[PDB]
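Going by PDB author numbering, the sequence shown opens with residue 19, and the numbers climb by one from there.
Below is one structure, written out as structure tokens; comments come after it.
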Amino acid sequence: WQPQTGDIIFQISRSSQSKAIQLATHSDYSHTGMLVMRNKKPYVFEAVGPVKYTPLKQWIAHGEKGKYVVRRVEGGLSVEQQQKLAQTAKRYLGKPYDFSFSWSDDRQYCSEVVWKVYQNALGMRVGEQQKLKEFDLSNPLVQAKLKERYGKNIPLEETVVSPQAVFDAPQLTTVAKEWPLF
Numbered sequence: 019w020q021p022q023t024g025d026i027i028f029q030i031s032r033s034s035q036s037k038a039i040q041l042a043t044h045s046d047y048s049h050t051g052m053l054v055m056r057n058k059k060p061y062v063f064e065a066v067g068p069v070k071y072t073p074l075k076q077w078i079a080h081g082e083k084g085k086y087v088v089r090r091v092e093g094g095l096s097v098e099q100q101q102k103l104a105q106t107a108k109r110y111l112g113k114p115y116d117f118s119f120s121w122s123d124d125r126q127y128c129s130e131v132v133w134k135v136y137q138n139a140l141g142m143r144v145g146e147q148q149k150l151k152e153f154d155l156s157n158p159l160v161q162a163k164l165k166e167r168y169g170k171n172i173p174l175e176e177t178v179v180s181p182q183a184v185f186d187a188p189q190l191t192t193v194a195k196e197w198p199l200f
């Protein structure tokens, strides 16, 4: 794998919400970011409170067991497309972490910011949106974490984009994988 600006990278978060996210979204992925080459060095643009750039080596090390998978638009992006993603990403830097998973731009969560950058830079929708209530909220671990964060005021009608949703976007192919399934 030769990292390129725009590559979308996924990992298992070590945060306490990570398991609930995996369960609700039927996914192994609980954190995502987008590669940005800065002076030819790979950084991961990610919404972690705040939205920021992180050196790729450090980003990967933070994932559980160092596991990661990388998706890229099939056939690659042009240099011009890459420069538009990089440019747009700049507009979200410094935004705090979106603890509400709200679709407003005030704060950002991980898959929200990757989705919004692709949409605003290239007009690509990289992933299906659905309502919070449409996820799988049946597991008691999931219900406990929703209670912890939201109490009774769960935003059931909120438009959300999950990491799994971005992963399964039709444009994408896998270009790197260090993820043993044993």
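Think of the CB as a built atom: it goes at the ideal place given N, C-alpha and C, for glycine as much as any other residue.
Residue burial annotation: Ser180 is buried, with at least 16 other C-beta atoms found within 10 angstroms of its C-beta.
The DSSP assignment places complete alpha helix (DSSP H) segments of no fewer than 4 residues inside the region 86 to 167 at 97 to 107, 128 to 140, in order along the chain. The beta carbon of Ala187 sits closer than 7 Å to the beta carbons of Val144, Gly145 from its chain, once the five residues preceding and following it are set aside; these are given in chain order. In the displayed model, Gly51 falls within a strand according to three-state DSSP.
Proximity to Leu190 across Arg167, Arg90, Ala79, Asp154 peaks at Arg90, based on C-alpha coordinates. In this chain, the alpha helix (DSSP H) harbouring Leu41 covers 36 to 43.
In the DSSP secondary-structure assignment, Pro60 is bridged to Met55.
Its chain contains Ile30, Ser31, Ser36, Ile39, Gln40, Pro181 as the residues whose beta carbon lies nearer than 7 Å to that of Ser48, once the 5 sequence neighbours on both sides are disregarded; these appear in chain order.
Listed as beta-bridge partners of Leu190 by DSSP are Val91.
Between the alpha carbons of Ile78 and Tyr115 lies a distance of about 20 Å. Using a Cβ-Cβ distance cut-off of 8 Å, the region 105 to 115 and the region 148 to 163 are not in contact, since fewer than three pairs of beta carbons, one from each stretch, lie closer than that value.
Judged by pairs of C-beta atoms under 8 Å, the region 90 to 103 does not touch the region 146 to 154, as fewer than three such pairs exist. If you draw a straight line from the Cα of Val66 to the Cα of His80, it is about 12 Å long. Going by C-alpha positions, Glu130 is about 24 Å away from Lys59.
Pairing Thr23 with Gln126, the inter-Cα distance amounts to about 20 Å. Around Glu92, the same chain offers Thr191 as residues with beta carbons nearer than 6 Å, after the five sequence neighbours per side are excluded. With 16 or more other CB atoms across the displayed protein chains lying within 10 angstroms of its CB, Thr43 is buried.
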